[PDB]
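Only one chain is given next, in structure tokens, and it is the form deposited in one PDB entry.
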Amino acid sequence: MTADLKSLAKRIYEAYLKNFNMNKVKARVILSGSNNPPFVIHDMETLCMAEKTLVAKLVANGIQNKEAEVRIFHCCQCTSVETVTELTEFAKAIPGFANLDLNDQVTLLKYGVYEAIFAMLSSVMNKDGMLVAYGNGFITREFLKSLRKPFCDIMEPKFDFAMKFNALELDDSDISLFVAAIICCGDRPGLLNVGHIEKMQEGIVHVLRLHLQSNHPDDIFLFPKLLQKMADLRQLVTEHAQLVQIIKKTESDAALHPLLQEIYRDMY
């Protein structure tokens, strides 16, 4: 007559496999190297080729097409909007989340989505580049660094986080619970029912702790390593939001999608 934490871990894992278009196994199959392989974007010529095949509407404007860096930033935003949608459905699997007031669900998602986005982005990154466009492109790290300022400054800190995060050798069963724990933080600004959220957090962190003990017997500090990664992600998001605001203030063509503007509004 006690909670079955192994079963809860498996429920979370299954919800992650159901709700995210990309997972670490799917990404590794593509990254390893037969139908619809990814188109490699390593320079301006190959960016423009990939756009004409994969996001044709975006470059169908002739002289009116936006600057390459702004088109890339638009594609970044579309990826975030999609991952926010996936995370919102995933959160229903977290015990207690759907029982919270709607406003608290919104606040938890507001602060958690970008931390989760950058954690999961590691799964599609290697030291040379990253998968994009639903696994149909591979854009190089060097190409992103070559963009004009400020756009070359977006992805590099995310690659740096990801190289260390990937060295932990988590699998999707671990990442799903880490993402659930990110969403359940009782210290987000403006929460109403802090007490119930703290209990929700305690519960999911307990599931995570036991799962890591079982799945990674070789790494006895993996749980505190991941607690630190959560703090690192909060700081990565704070810095990312500051850069997005610079882009907003200084780049008139880099229209910010209204869902993301709402996420960033009053965030940090």
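The numbering used is simple: start at 1 and walk along the sequence shown.
Form solved in complex with a partner chain: not shown, discussed below.
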- Query: At the 4.5 Å heavy atom threshold, is residue 97 in contact with the partner chain in the deposited complex?
  - Reply: yes
- Message: Is residue 247 part of the interface with the partner chain in the deposited complex - any heavy atom within 4.5 Å?
- Response: no
- Query: Does at least one non-hydrogen atom of residue 105 fall within 4.5 angstroms of the partner chain in the deposited complex?
  - Reply: yes
- Task: Would you check, heavy atoms only and a 4.5 Å threshold, whether residue 148 touches the partner chain in the deposited complex?
- Result: no
- Query: Exactly one of 84, 170, 124, 144 has a non-hydrogen atom within 4.5 Å of the partner chain in the deposited complex; which residue is it?
  - Reply: 84
- Note on the structure: The listed residue (193, 166, 88, 140) that reaches within 4.5 Å of the partner chain in the deposited complex by any heavy atom is 88
